[PDB]
Amino acid sequence: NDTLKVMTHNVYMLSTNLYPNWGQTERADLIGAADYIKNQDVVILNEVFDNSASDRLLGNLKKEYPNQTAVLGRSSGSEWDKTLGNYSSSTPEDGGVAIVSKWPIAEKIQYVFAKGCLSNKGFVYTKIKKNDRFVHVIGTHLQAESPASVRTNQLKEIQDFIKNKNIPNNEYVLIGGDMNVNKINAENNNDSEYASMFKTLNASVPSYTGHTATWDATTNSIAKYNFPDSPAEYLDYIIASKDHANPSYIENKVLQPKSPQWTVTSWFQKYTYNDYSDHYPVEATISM
Ligand SMILES: [Ca+2]
Ligand SMILES: [Ca+2]
């Protein structure tokens, strides 16, 4: 049809070598079988750092999304058409970004950001063939909270890459992921980092629906454990480049899916959670 469904989710899968008891393996199975992640055309994943759990998750998503990229910054072989940027094979961790789709992926490129405040952070570019139409999806995860200066530099690298690619102006180019750029209380400030994000990427502002935050310690069990008193934030987006096909309609809906209860043990203490990640997923609907 004339609709494209793209979802982005920071799944919080830290390395089990550093955090052995964060339920990474179990959550890989829970997310893989979750209803919220079904029925999409493309899914962008962030923080799939743990090697075993990330591969398990990707394997669980294979049935519905058999076309998959490797995980950003974990390798630099022929699994990528090109490895761009400051890639280092000596980093202690990878970039944690991967893209999966139910449609054939014509091109897969990884790009490692030049600056940061040890993990090959950057973005993954994919050219996807959806029903005789090529769409372009870039998945990324920016510098977490000077950081603003770094994020702007990273966003500039993304825009520069898109421009250099010479992608047809009549094809859709989406940029999605955890931007770590907070929208809350910044929509009216034209000099805010939030406003600057769209200008740096030369992207449009999508219609917002669903929950009012993507990282919410007031409703998310994992975020509550880590930062119980931190105000909710809006950091995840999926937006379209204005230098290419401009969607007549593009929506970003924040979902609040709860997972079956899972338990972990740490320091002789048992902890139970009902969230898939500390971030909520964003479901984008783009009219083509
Ligand atoms: Ca995080
Ligand atoms: Ca890893």
# chains A, B, ... in the order shown; residues from 1 in each chain; ligands from 1

call {"tool": "closest_atom_pairs", "arguments": {"of": "stretch 178-235 of chain A", "to": "stretch 22-45 of chain A", "cutoff": "12 Å", "atoms": "only C-alpha atoms", "output": "tab-separated table"}}
result
residue	atom	partner	partner_atom	distance
A:178	CA	A:45	CA	9.3
A:222	CA	A:22	CA	9.5
A:225	CA	A:22	CA	11.5
A:226	CA	A:22	CA	11.7

call {"tool": "write_last_selection", "arguments": {"atoms": "N, CA, C and O atoms", "output": "compact mmCIF listing (two decimals), in the first residue's frame"}}
result
# COMPACT_ATOMS: atom_id res chain seq x y z
N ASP A 178 17.36 6.94 18.92
CA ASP A 178 17.44 7.67 20.18
C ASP A 178 18.41 8.83 19.96
O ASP A 178 19.63 8.66 20.02
N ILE A 222 11.93 -0.02 34.60
CA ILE A 222 13.38 -0.02 34.51
C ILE A 222 13.94 1.38 34.74
O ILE A 222 14.88 1.55 35.51
N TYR A 225 13.90 2.32 38.34
CA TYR A 225 14.97 1.75 39.15
C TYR A 225 16.26 2.58 39.05
O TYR A 225 16.90 2.87 40.05
N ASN A 226 16.63 2.94 37.82
CA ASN A 226 17.85 3.70 37.57
C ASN A 226 17.81 5.17 38.00
O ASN A 226 18.75 5.66 38.63

call {"tool": "residues_near_ligand", "arguments": {"ligand": "ligand 1", "cutoff": "8 Å", "atoms": "only C-alpha atoms and all ligand atoms", "output": "list in words"}}
result
residues 10, 12, 47, 144, 278 and 279 of chain A

call {"tool": "write_last_selection", "arguments": {"atoms": "C-alpha atoms", "output": "PDB file, in the first residue's frame"}}
result
ATOM      1  CA  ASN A  10      16.242   1.508  22.285  1.00  0.00           C
ATOM      2  CA  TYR A  12      18.587  -1.394  26.658  1.00  0.00           C
ATOM      3  CA  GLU A  47      21.509  -0.483  22.458  1.00  0.00           C
ATOM      4  CA  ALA A 144      24.052  10.824  25.728  1.00  0.00           C
ATOM      5  CA  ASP A 278      13.841   1.656  29.948  1.00  0.00           C
ATOM      6  CA  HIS A 279      12.805   3.414  26.724  1.00  0.00           C
TER       7      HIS A 279
END

call {"tool": "residues_near_ligand", "arguments": {"ligand": "ligand 2", "cutoff": "7 Å", "atoms": "only C-alpha atoms and all ligand atoms", "output": "compact mmCIF listing (two decimals) with N, CA and C atoms, in the first residue's frame"}}
result
# COMPACT_ATOMS: atom_id res chain seq x y z
N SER A 15 25.92 -4.91 27.87
CA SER A 15 26.73 -6.12 27.88
C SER A 15 26.58 -6.88 29.19
N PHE A 49 23.81 -3.97 22.54
CA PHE A 49 25.23 -4.13 22.84
C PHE A 49 25.69 -5.55 23.18
N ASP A 50 24.94 -6.25 24.03
CA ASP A 50 25.35 -7.60 24.40
C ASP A 50 25.36 -8.46 23.16
N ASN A 51 26.49 -9.09 22.87
CA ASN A 51 26.60 -9.90 21.68
C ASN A 51 25.64 -11.09 21.63
N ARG A 74 30.51 -3.72 15.14
CA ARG A 74 30.94 -5.00 15.69
C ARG A 74 31.93 -5.72 14.77
N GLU A 93 33.39 -1.96 22.99
CA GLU A 93 31.99 -2.20 22.69
C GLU A 93 31.63 -1.73 21.29
N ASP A 94 30.53 -2.24 20.74
CA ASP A 94 30.07 -1.83 19.42
C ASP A 94 29.07 -0.68 19.52
N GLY A 96 25.85 -0.73 18.87
CA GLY A 96 24.53 -1.13 19.32
C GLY A 96 23.33 -0.82 18.44

call {"tool": "residues_around", "arguments": {"residues": "stretch 97-104 of chain A", "least_positions_apart": "6", "cutoff": "8 Å", "atoms": "only C-alpha atoms", "output": "PyMOL selection string"}}
result
chain A and resi 40-48+64-72+123-124+126+128-130+139-141

call {"tool": "write_last_selection", "arguments": {"atoms": "N, CA, C and O atoms", "output": "CSV table (one decimal), in the first residue's frame"}}
result
chain,number,residue,atom,x,y,z
A,40,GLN,N,5.4,-4.2,11.2
A,40,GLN,CA,6.1,-3.0,10.8
A,40,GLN,C,6.8,-3.4,9.4
A,40,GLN,O,6.9,-4.6,9.1
A,41,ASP,N,7.3,-2.4,8.7
A,41,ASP,CA,8.0,-2.6,7.5
A,41,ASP,C,9.5,-2.7,7.8
A,41,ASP,O,10.2,-3.5,7.2
A,42,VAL,N,9.9,-1.8,8.7
A,42,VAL,CA,11.3,-1.7,9.1
A,42,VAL,C,11.4,-1.4,10.6
A,42,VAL,O,10.5,-0.6,11.1
A,43,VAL,N,12.3,-2.0,11.3
A,43,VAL,CA,12.5,-1.7,12.7
A,43,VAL,C,14.0,-1.4,13.0
A,43,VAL,O,14.9,-2.1,12.6
A,44,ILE,N,14.2,-0.3,13.7
A,44,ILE,CA,15.5,0.3,14.0
A,44,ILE,C,15.7,-0.1,15.5
A,44,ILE,O,14.8,0.1,16.3
A,45,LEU,N,16.8,-0.7,15.8
A,45,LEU,CA,17.1,-1.1,17.2
A,45,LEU,C,18.3,-0.3,17.7
A,45,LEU,O,19.3,-0.1,17.0
A,46,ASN,N,18.2,0.1,19.0
A,46,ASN,CA,19.3,0.8,19.6
A,46,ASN,C,19.7,0.0,20.9
A,46,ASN,O,18.9,-0.6,21.5
A,47,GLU,N,21.0,0.2,21.3
A,47,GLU,CA,21.5,-0.5,22.5
A,47,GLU,C,21.5,-2.0,22.5
A,47,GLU,O,21.2,-2.6,23.5
A,48,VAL,N,21.7,-2.6,21.3
A,48,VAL,CA,21.8,-4.1,21.2
A,48,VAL,C,23.3,-4.4,21.4
A,48,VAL,O,23.9,-4.9,20.5
A,64,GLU,N,9.6,-12.8,11.1
A,64,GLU,CA,8.8,-11.7,10.5
A,64,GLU,C,9.7,-10.6,9.8
A,64,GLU,O,9.3,-10.0,8.8
A,65,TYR,N,10.9,-10.5,10.2
A,65,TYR,CA,11.9,-9.5,9.6
A,65,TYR,C,13.2,-10.3,9.3
A,65,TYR,O,14.2,-10.1,9.9
A,66,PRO,N,13.1,-11.1,8.2
A,66,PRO,CA,14.3,-11.8,7.8
A,66,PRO,C,15.5,-11.1,7.2
A,66,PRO,O,16.6,-11.6,7.1
A,67,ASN,N,15.2,-9.8,6.7
A,67,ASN,CA,16.3,-9.0,6.1
A,67,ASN,C,16.9,-8.2,7.2
A,67,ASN,O,16.2,-7.3,7.8
A,68,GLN,N,18.1,-8.4,7.6
A,68,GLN,CA,18.8,-7.8,8.7
A,68,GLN,C,20.2,-7.3,8.5
A,68,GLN,O,20.9,-7.9,7.7
A,69,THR,N,20.5,-6.2,9.1
A,69,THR,CA,21.9,-5.7,9.0
A,69,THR,C,22.7,-6.3,10.2
A,69,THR,O,22.1,-6.9,11.1
A,70,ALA,N,24.0,-6.2,10.1
A,70,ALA,CA,24.8,-6.6,11.2
A,70,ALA,C,24.7,-5.5,12.3
A,70,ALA,O,24.0,-4.5,12.0
A,71,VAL,N,25.3,-5.6,13.4
A,71,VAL,CA,25.3,-4.6,14.4
A,71,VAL,C,26.4,-3.6,14.2
A,71,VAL,O,27.6,-4.0,14.2
A,72,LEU,N,26.0,-2.3,14.1
A,72,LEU,CA,27.0,-1.2,13.9
A,72,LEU,C,28.2,-1.4,14.8
A,72,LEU,O,28.1,-1.6,16.0
A,123,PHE,N,25.8,5.5,12.9
A,123,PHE,CA,24.6,5.2,12.3
A,123,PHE,C,24.7,4.1,11.2
A,123,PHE,O,25.7,3.7,10.7
A,124,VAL,N,23.5,3.5,10.9
A,124,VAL,CA,23.4,2.4,9.9
A,124,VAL,C,22.5,2.9,8.8
A,124,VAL,O,21.4,3.4,9.1
A,126,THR,N,20.3,2.1,5.3
A,126,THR,CA,19.8,1.0,4.5
A,126,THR,C,18.9,1.5,3.4
A,126,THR,O,18.2,2.5,3.6
A,128,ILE,N,16.0,0.2,1.2
A,128,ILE,CA,15.0,-0.9,1.2
A,128,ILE,C,14.0,-0.8,0.1
A,128,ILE,O,13.5,0.3,-0.2
A,129,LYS,N,13.7,-2.0,-0.5
A,129,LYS,CA,12.8,-2.0,-1.6
A,129,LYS,C,11.4,-2.5,-1.1
A,129,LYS,O,11.2,-3.6,-0.9
A,130,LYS,N,10.5,-1.5,-0.9
A,130,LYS,CA,9.2,-1.8,-0.4
A,130,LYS,C,8.2,-1.7,-1.6
A,130,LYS,O,8.0,-0.6,-2.1
A,139,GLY,N,19.4,4.5,10.8
A,139,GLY,CA,19.1,4.3,12.3
A,139,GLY,C,20.3,4.8,13.0
A,139,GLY,O,21.5,4.5,12.6
A,140,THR,N,20.1,5.5,14.1
A,140,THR,CA,21.2,6.0,14.9
A,140,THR,C,20.9,6.1,16.4
A,140,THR,O,19.8,5.9,16.8
A,141,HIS,N,22.0,6.4,17.2
A,141,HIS,CA,21.9,6.6,18.6
A,141,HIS,C,23.0,7.6,18.9
A,141,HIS,O,24.1,7.3,18.8

call {"tool": "closest_residue", "arguments": {"among": "A:277, A:200, A:149, A:86", "to": "residue A:223", "atoms": "only C-alpha atoms"}}
result
A:277

call {"tool": "residues_around", "arguments": {"residues": "residue A:266", "least_positions_apart": "4", "cutoff": "9 Å", "atoms": "only C-alpha atoms", "output": "JSON, numbers by chain"}}
result
{"A": [20, 21, 270, 271]}

call {"tool": "write_last_selection", "arguments": {"atoms": "N, CA, C and O atoms", "output": "mmCIF file, in the first residue's frame"}}
result
data_model
loop_
_atom_site.group_PDB
_atom_site.id
_atom_site.type_symbol
_atom_site.label_atom_id
_atom_site.label_comp_id
_atom_site.auth_asym_id
_atom_site.auth_seq_id
_atom_site.Cartn_x
_atom_site.Cartn_y
_atom_site.Cartn_z
ATOM 1 N N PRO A 20 25.588 -8.475 34.290
ATOM 2 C CA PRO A 20 25.110 -9.852 34.150
ATOM 3 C C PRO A 20 23.644 -10.115 34.457
ATOM 4 O O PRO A 20 23.064 -11.063 33.927
ATOM 5 N N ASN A 21 23.042 -9.275 35.290
ATOM 6 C CA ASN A 21 21.656 -9.498 35.679
ATOM 7 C C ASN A 21 20.620 -8.455 35.285
ATOM 8 O O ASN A 21 19.829 -8.010 36.120
ATOM 9 N N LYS A 270 15.917 -10.318 44.834
ATOM 10 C CA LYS A 270 15.166 -10.561 43.609
ATOM 11 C C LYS A 270 14.450 -9.293 43.163
ATOM 12 O O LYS A 270 13.868 -8.574 43.978
ATOM 13 N N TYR A 271 14.505 -9.018 41.865
ATOM 14 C CA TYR A 271 13.855 -7.843 41.301
ATOM 15 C C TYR A 271 12.956 -8.273 40.152
ATOM 16 O O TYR A 271 13.347 -9.096 39.327
#

call {"tool": "select_by_dssp", "arguments": {"residues": "stretch 109-162 of chain A", "states": "alpha helix (DSSP H)", "output": "VMD selection string"}}
result
chain A and resid 147 to 162

call {"tool": "closest_residue", "arguments": {"among": "A:78, A:197, A:165, A:215", "to": "residue A:11", "atoms": "only C-alpha atoms"}}
result
A:215

call {"tool": "select_by_dssp", "arguments": {"residues": "stretch 31-83 of chain A", "states": "strand (DSSP E)", "output": "number ranges by chain"}}
result
A: 42-48, 67-68, 82-83

call {"tool": "write_last_selection", "arguments": {"atoms": "N, CA and C atoms", "output": "compact mmCIF listing (two decimals), in the first residue's frame"}}
result
# COMPACT_ATOMS: atom_id res chain seq x y z
N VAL A 42 9.89 -1.80 8.73
CA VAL A 42 11.28 -1.69 9.14
C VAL A 42 11.35 -1.39 10.62
N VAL A 43 12.33 -1.98 11.30
CA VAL A 43 12.53 -1.75 12.73
C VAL A 43 13.99 -1.38 12.98
N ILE A 44 14.18 -0.26 13.67
CA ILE A 44 15.49 0.25 14.04
C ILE A 44 15.67 -0.12 15.50
N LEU A 45 16.80 -0.73 15.83
CA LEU A 45 17.08 -1.11 17.21
C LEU A 45 18.29 -0.34 17.71
N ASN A 46 18.23 0.09 18.97
CA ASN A 46 19.32 0.81 19.62
C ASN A 46 19.69 0.04 20.89
N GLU A 47 20.96 0.17 21.28
CA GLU A 47 21.51 -0.48 22.46
C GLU A 47 21.46 -2.00 22.47
N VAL A 48 21.70 -2.60 21.31
CA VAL A 48 21.77 -4.06 21.25
C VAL A 48 23.26 -4.35 21.39
N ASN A 67 15.23 -9.84 6.71
CA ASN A 67 16.28 -9.00 6.12
C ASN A 67 16.87 -8.18 7.25
N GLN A 68 18.13 -8.45 7.58
CA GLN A 68 18.76 -7.77 8.71
C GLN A 68 20.17 -7.30 8.46
N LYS A 82 29.86 -0.80 2.81
CA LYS A 82 30.90 0.17 3.11
C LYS A 82 30.94 0.41 4.61
N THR A 83 32.14 0.62 5.13
CA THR A 83 32.33 0.93 6.53
C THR A 83 32.97 2.31 6.50

call {"tool": "residues_around", "arguments": {"residues": "residue A:172", "least_positions_apart": "6", "cutoff": "9 Å", "atoms": "only C-alpha atoms", "output": "number ranges by chain"}}
result
A: 134-137, 240-241, 244-247, 288

call {"tool": "closest_residue", "arguments": {"among": "A:171, A:107, A:55, A:160", "to": "residue A:79", "atoms": "only C-alpha atoms"}}
result
A:107

call {"tool": "residues_around", "arguments": {"residues": "residue A:199", "least_positions_apart": "2", "cutoff": "12 Å", "atoms": "only C-alpha atoms", "output": "compact mmCIF listing (two decimals) with N, CA and C atoms, in the first residue's frame"}}
result
# COMPACT_ATOMS: atom_id res chain seq x y z
N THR A 152 25.28 17.70 17.76
CA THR A 152 25.11 18.51 16.56
C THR A 152 26.14 18.10 15.52
N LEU A 155 24.94 14.82 14.11
CA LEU A 155 23.81 15.06 13.22
C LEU A 155 24.31 15.64 11.90
N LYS A 156 25.36 16.45 11.95
CA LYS A 156 25.92 17.05 10.75
C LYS A 156 26.53 15.96 9.87
N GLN A 159 23.67 14.27 7.98
CA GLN A 159 23.18 15.10 6.89
C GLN A 159 24.18 15.12 5.74
N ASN A 190 12.96 28.44 19.70
CA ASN A 190 13.60 28.27 18.40
C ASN A 190 15.11 28.09 18.48
N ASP A 191 15.68 28.39 19.64
CA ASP A 191 17.12 28.24 19.83
C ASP A 191 17.45 26.99 20.65
N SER A 192 16.44 26.14 20.84
CA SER A 192 16.62 24.91 21.60
C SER A 192 17.35 23.87 20.76
N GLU A 193 17.91 22.86 21.42
CA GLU A 193 18.61 21.80 20.72
C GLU A 193 17.59 21.03 19.88
N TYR A 194 16.38 20.91 20.41
CA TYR A 194 15.30 20.22 19.71
C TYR A 194 15.02 20.89 18.37
N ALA A 195 14.93 22.21 18.37
CA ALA A 195 14.66 22.94 17.14
C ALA A 195 15.85 22.83 16.18
N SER A 196 17.05 22.84 16.74
CA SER A 196 18.27 22.75 15.94
C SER A 196 18.43 21.39 15.25
N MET A 197 17.85 20.35 15.83
CA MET A 197 17.95 19.01 15.25
C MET A 197 17.37 18.95 13.85
N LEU A 201 19.54 18.49 10.33
CA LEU A 201 19.22 17.35 9.47
C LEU A 201 18.39 17.76 8.26
N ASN A 202 17.90 18.99 8.27
CA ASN A 202 17.06 19.49 7.19
C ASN A 202 15.87 18.55 7.09
N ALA A 203 15.30 18.22 8.25
CA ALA A 203 14.16 17.31 8.33
C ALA A 203 12.92 18.04 8.80
N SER A 204 11.76 17.44 8.56
CA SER A 204 10.49 18.02 8.96
C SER A 204 10.04 17.51 10.33
N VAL A 205 9.07 18.20 10.92
CA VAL A 205 8.54 17.82 12.22
C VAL A 205 7.31 16.94 12.02
N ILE A 239 12.12 10.80 11.67
CA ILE A 239 11.76 11.95 10.85
C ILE A 239 12.23 11.85 9.40
N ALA A 240 11.61 12.64 8.53
CA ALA A 240 11.93 12.62 7.10
C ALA A 240 12.73 13.82 6.62
N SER A 241 13.65 13.55 5.69
CA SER A 241 14.49 14.59 5.11
C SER A 241 13.67 15.44 4.15
N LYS A 242 13.77 16.76 4.29
CA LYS A 242 13.03 17.66 3.42
C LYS A 242 13.67 17.79 2.05
N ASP A 243 14.92 17.33 1.93
CA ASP A 243 15.62 17.39 0.65
C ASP A 243 15.23 16.25 -0.27

call {"tool": "closest_residue", "arguments": {"among": "A:9, A:133, A:163, A:63", "to": "residue A:256", "atoms": "only C-alpha atoms"}}
result
A:9

call {"tool": "atom_distance", "arguments": {"atom1": "atom CA of residue A:85", "atom2": "atom CA of residue A:164"}}
result
13.8 Å

call {"tool": "atom_distance", "arguments": {"atom1": "atom CA of residue A:2", "atom2": "atom CA of residue A:236"}}
result
24.3 Å

call {"tool": "residues_around", "arguments": {"residues": "residue A:116", "least_positions_apart": "2", "cutoff": "8 Å", "atoms": "only C-alpha atoms", "output": "PyMOL selection string"}}
result
chain A and resi 113-114+143+147+150

call {"tool": "atom_distance", "arguments": {"atom1": "atom CA of residue A:287", "atom2": "atom CA of residue A:3"}}
result
4.7 Å
